[PDB]
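Hydrogens, waters and symmetry mates are skipped; everything else that's a heavy atom, side chains included, is used. Protein chains get the first letters and strands the later ones, always in sequence-line order, with residue 1 at the start of each. For ligands, and for the atoms within them, numbers begin at 1 and follow the listed sequence.
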Amino acid sequence: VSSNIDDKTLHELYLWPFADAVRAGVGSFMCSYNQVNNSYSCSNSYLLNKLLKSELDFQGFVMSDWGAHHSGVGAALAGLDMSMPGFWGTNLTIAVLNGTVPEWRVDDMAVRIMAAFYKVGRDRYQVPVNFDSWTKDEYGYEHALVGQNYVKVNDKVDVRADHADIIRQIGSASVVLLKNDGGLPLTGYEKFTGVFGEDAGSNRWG
Amino acid sequence: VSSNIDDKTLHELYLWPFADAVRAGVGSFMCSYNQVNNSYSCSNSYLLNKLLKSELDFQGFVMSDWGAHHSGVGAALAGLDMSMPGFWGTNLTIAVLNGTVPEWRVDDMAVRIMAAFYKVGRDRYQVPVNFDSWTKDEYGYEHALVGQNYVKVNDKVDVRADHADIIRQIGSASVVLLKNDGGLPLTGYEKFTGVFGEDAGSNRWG
Amino acid sequence: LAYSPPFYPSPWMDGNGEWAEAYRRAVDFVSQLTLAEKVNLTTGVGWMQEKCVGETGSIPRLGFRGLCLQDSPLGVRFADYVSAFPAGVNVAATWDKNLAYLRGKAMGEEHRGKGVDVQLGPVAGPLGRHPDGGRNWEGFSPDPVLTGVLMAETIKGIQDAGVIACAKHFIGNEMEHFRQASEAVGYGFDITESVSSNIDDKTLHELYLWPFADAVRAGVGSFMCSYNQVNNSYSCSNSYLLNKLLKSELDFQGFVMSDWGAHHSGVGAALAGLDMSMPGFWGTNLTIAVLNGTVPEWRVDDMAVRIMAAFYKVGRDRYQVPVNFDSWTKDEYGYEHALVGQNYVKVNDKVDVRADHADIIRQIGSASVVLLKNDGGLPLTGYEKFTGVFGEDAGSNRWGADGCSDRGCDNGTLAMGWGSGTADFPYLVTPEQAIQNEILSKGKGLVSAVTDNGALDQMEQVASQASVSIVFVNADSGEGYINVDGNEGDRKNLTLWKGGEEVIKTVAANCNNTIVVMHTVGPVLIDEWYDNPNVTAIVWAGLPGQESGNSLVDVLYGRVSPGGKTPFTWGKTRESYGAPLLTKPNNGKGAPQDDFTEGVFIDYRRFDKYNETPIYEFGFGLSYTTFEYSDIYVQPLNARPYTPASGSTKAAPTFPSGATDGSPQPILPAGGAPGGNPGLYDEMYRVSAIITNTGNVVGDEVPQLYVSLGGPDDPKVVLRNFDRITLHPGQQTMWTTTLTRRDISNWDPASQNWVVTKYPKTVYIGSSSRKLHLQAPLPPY
Ligand SMILES: OC[C@H]1NC[C@H](O)[C@@H](O)[C@@H]1O
Ligand SMILES: OC[C@H]1NC[C@H](O)[C@@H](O)[C@@H]1O
Ligand SMILES: OC[C@H]1NC[C@H](O)[C@@H](O)[C@@H]1O
Ligand SMILES: [Mg+2]
Ligand SMILES: [Mg+2]
Ligand SMILES: [Mg+2]
Ligand SMILES: [Mg+2]
Ligand SMILES: [Mg+2]
């Protein structure tokens, strides 16, 4: 689908919060699956080169949404910096050697990515990836140069800390009271409390 | 169905705990729906007159199970004292006036019932029946001499007191550990607890 | 509270006219009986104690077995190897006296073959006060004339076959709610007495009583009094109802039985006109009452002779055979207690009584189809390139045709409502089966049946490809002891069941040639879809019994032109019909009070009074051809002036004020013979019109005669006559009928008689209650 949005509407509505994101120092952007004015976001030069990287002067890197369509090497020239989830590598290398993509573009892609990395201090805070997205298993086989290895893929590192507190707090803070004709608050000393609706209960599948 | 039980089996098995009940001073018995040796319990003279009221020397009163079959007024002669849930009334009266049921028998029925009443001190502890079995509604219509009354049928008297404690305690005391190869007890500091089965969950109907 | 005045004594039989011979034979029999034997005839044997739904005591001394009383109005209930006939409402939709008669004959034959003495049917009560009344489908029509006529024909059919028929339920059992206290308690209501139908004298006479008068005059052997009260007296001990209306004014010569466990004043019921207690304490109390003089000898003698007169009237002496089935098991053998030990006996002989009755069932099925809409949709050819069949109502009951107790479910195609008014299907031909057979025997186009109402994706898919889409929807109801999906007998709404409306909408969105077939116990609200231009045809097929699929396709594919007319109104809203069911007790713990305040204004009378336009009016139905009406003519017949009945009864023979008076009694002015004063049936006018088939195929028309009685409180029009006529293309016929005195009269409470009022009367002949093509005055004389 092509989202057909006029310049004024973009600026006064949809672009506005993204401007805030840039000014807040966000390290990366993700260009969307859809087209804008019949150009895919991830190879839309007006969107990425003009609005994001000129007007809003974004200094970080732009990645594609996962398999978001773009004009390959053309996307790089239109302001894309990173292709996800991943041909691009080969074509980009070839494009630089043959002059279709300038050396300063690939240099800019690399430096934007590394700038984001250094900006938040990944050099300090980086630890090995200690979980696996695709299994909960502790161990899994992996292909080697010779045969296979059996490697630890999940360390079960408990990062929850005391975060249950802020979750409970934001829960309470996000409750919106829309009507109250003497119903709330309750005391806990009511003689008989009825609770109704599946939305009160458990997911029976866990 | 007729439960066909010989004299020895009755005495050494089924009758034994009922003898204990008699000796514990229980005020009433309920005769069963089934037959014993092809005589309904509630008009079984061997059962009521001999075993219960002679051998075990029960002093209290025998009621029928609800609509338990018996030979009408013949049941009173065989040791029945109270017919539940309720013909019997008018037939029994006629039986006394006829001389087919002795005066001393109906007198014994009444005195057995009142003896139980006094034994446990109902004269001191009786209060109005403050609930209704057939509705949770607070009020209901009732027929009067003239027209109807709308009467309070449920007072919602909370009698639970602290009984939740003994219920919890008996729950815990009634747990039987049949196997334990290092499984129990748990600590509550287990890293991941899985709970499985509908028997763990709620009645979704309340 | 409404009050029912007493009427005593309880009239004894006359045994005149068509009852003379039965009376003589009855007297000859009862003269030989002891008091105990007489009382036995009046006493049910107890619930489920023998083979039949009910049985009387026997008289072994004379080799006379107990009577076998068996449901239902549409077949033999419980027994195996029987037929499942279309429901009464289908019979109403035929508007066909001949078919009504033949169905009665076939039913009576099946009962006879099983050894049944009394068929517990047919039904004129409920008449159909409410569109959502649970048991209306067992009856015929809210119209008293349509019901009365077809009631009479059904009765004659049954009794000509050699079985006693039973007119039920008398009277005012117009809904299931609160019919019995125990049943209401079961549904969470707190009442100790049944609802009271509060009906005034005029309303009774001009509406609810009318079809029962026809039943009496048709020679019906028995009556069943209802569970409800009328003006705060239980029907079965309501002396005004039984002694005055039924046995004096209507001069009923047969016997009255109670409905099963219907409340009455015991011995007092006998004095108030009850003759037989079902399912049966009554016996010993009645004996005691005779011996101690509270019940006169003549009353019990009359009870006995009324029962035996019915027996002899239909020739039970000739046609009785042993009861060769068992209601309570399909087992071949079973045990019965003897004086000593037990006997092992045959209980089911598996007597196949079906004969050729599948034919009449298929025919009545087709004749009861009402074409409500047709914008070039029908008939089909069977050479369509792709036929889609949609809706659970097209498919099979996955539990088997008889998989639901007393049909107490809405599984698959609806061919029968639920409750006592049932019979077991020997088989059931579904629309799915019949339509597939039609295609594969002709053009062999594509055909698919999506019979899960939730499978809307598939319905879109298939309907998108179809040349024609045939959509099936239903709505069910029944007796109050069965609750299906919150419908406690009565319908909780007039919606199509199981998301049927959504099925129609989904299919119609994808196919511009959508046919809708409705299998409903009564009207449903169709306002949202009937006028959809993608819906090219609409039919109502009702409850067609075992041959449903076949009888339908006969009409859909043009072998039979539809000729049915709707026997009730299709309105825009529930409110169109009038006030809701009384479904909330309004007298505390006492008898709910149900006031029939609308009077005679039910169904089309109501719509007409308030100038509301029905979607489909009473008496409306389309054809594959067209008809024209012309040349109405009224001939006055100069009948003898009406003479009120007078004179006395005989003294009560032997073989509350007035309850024991066996002295000669005065004849009521509107009484004097079965069905009322015979002067009521004098023909006053002959009315004629010409019907022409102006179309291209043979078809049936149902011309209808309506009368404006002309008073301020009278309906604009009331149906008075009808016929079903077959006409070839171009063929004309003169339709000639007569109007009786009763047809042009009003009940006058003051004089207790029927009166022809001063207001000018108009007669109409047309094709529906609203399509009144012809009219003429009824000139007074
Ligand atoms: O899962 C990765 C990626 N999938 C596609 C989603 O649009 C995006 O929000 C997400 O981050
Ligand atoms: O509900 C009353 C009564 N019903 C019958 C049961 O057998 C008995 O245990 C119970 O007390
Ligand atoms: O089944 C016997 C009897 N039950 C009660 C019903 O109202 C009646 O129609 C039926 O005949
Ligand atoms: Mg810049
Ligand atoms: Mg003793
Ligand atoms: Mg039996
Ligand atoms: Mg036949
Ligand atoms: Mg008479």
task: Check whether the side chains of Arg135(C) and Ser420(C) place a donor and an acceptor atom closer than 3.5 Å, and report yes or no.
output: yes
Atoms of ligand 3 close to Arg179(C) [distance to a heavy atom under 4.0 angstrom, numbered from 1]: 7 (O)
query: So, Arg407(C) and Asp476(C), do they make that salt bridge, N to O below 4.0 Å?
result: no
message: Are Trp328(C) and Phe78(C), when compared by the centres of their aromatic rings, separated by less than 6.0 Å?
response: yes
- request: Can you sort out which atoms of ligand 3 are near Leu120(C), meaning under 4.0 Å from one of its heavy atoms?
  value: 11 (O)
- request: For the Mg ion (ligand 8), find the closest N/O/S atom on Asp14(C) and give its atom name.
  value: OD2
field: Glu138(C) heavy atom under 4.0 Å from ligand 3
entry: no
task: Using a strict cut-off of 4.0 Å, indicate which atoms of ligand 3 neighbour a heavy atom of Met224(C).
output: 11 (O)
- request: Output the list of atoms in ligand 3 that are nearer than 4.0 Å to some heavy atom of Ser420(C), sorted by atom number.
  value: 1 (O), 6 (C), 8 (C), 9 (O), 10 (C)
field: Where ligand 3 meets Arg77(C) - atom numbers and elements under 4.0 angstrom, heavy-atom basis
entry: 1 (O)
message: Is there a side chain to side chain donor-acceptor pair (under 3.5 Å) between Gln665(C) and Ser648(C)? Walk through the geometry before answering.
response: CA-CA 5 Å; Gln665(C) 296 295 310; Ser648(C) 299; over 6 Å; no
message: Assess the residue pair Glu138(C) and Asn136(C) against the criterion (side chain to side chain donor-acceptor pair (under 3.5 Å)); give the C-alpha distance rounded to whole Å, side-chain angles, the decisive distance to 0.1 Å, and a yes or no.
response: CA-CA 5 Å; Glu138(C) 296 201 52; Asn136(C) 293 351; over 6 Å; no
- request: Salt-bridge test for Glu479(C) and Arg179(C): reply yes if a basic N is under 4.0 Å from a carboxylate O, no otherwise.
  value: yes
query: So does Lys247(C) pair up with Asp275(C), basic N to acidic O under 4.0 Å?
result: yes
message: Rounded to the nearest 0.5 Å, what separates atom NE2 in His263(C) from atom OH in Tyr234(C)?
response: 5.5 Å
message: Give the atom numbers and elements of ligand 3 that come within less than 4.0 Å of a heavy atom of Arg135(C).
response: 6 (C), 7 (O), 8 (C), 9 (O)
- request: Compute the minimum heavy-atom distance from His169(C) to ligand 3 and say whether it is under 4.0 Å.
  value: yes
statement: min-distance protein heavy atom vs atom 5 (C) of ligand 3 -> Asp259(C) OD1, 3.0 Å
statement: One finds that the ligand 3 atoms under 4.0 Å from a non-hydrogen atom of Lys168(C) are 8 (C), 9 (O), 10 (C), 11 (O)
query: Can you list the ligand 3 atoms lying under 4.0 Å from a non-hydrogen atom of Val53(C)?
result: 1 (O), 2 (C)
field: Closest approach to the Mg ion (ligand 5) by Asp57(B), given as the N, O or S atom name
entry: OD1
query: After noting the C-alpha distance and the side-chain angles of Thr654(C) and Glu297(C), does the key distance pass the side chain to side chain donor-acceptor pair (under 3.5 Å) rule?
result: CA-CA 7 Å; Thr654(C) 57; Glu297(C) 288 180 67; 5.6 Å; no
- prompt: Which protein heavy atom lies closest to atom 11 (O) of ligand 3, and at what distance to 0.1 Å?
  reply: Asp71(C) OD1, 2.6 Å
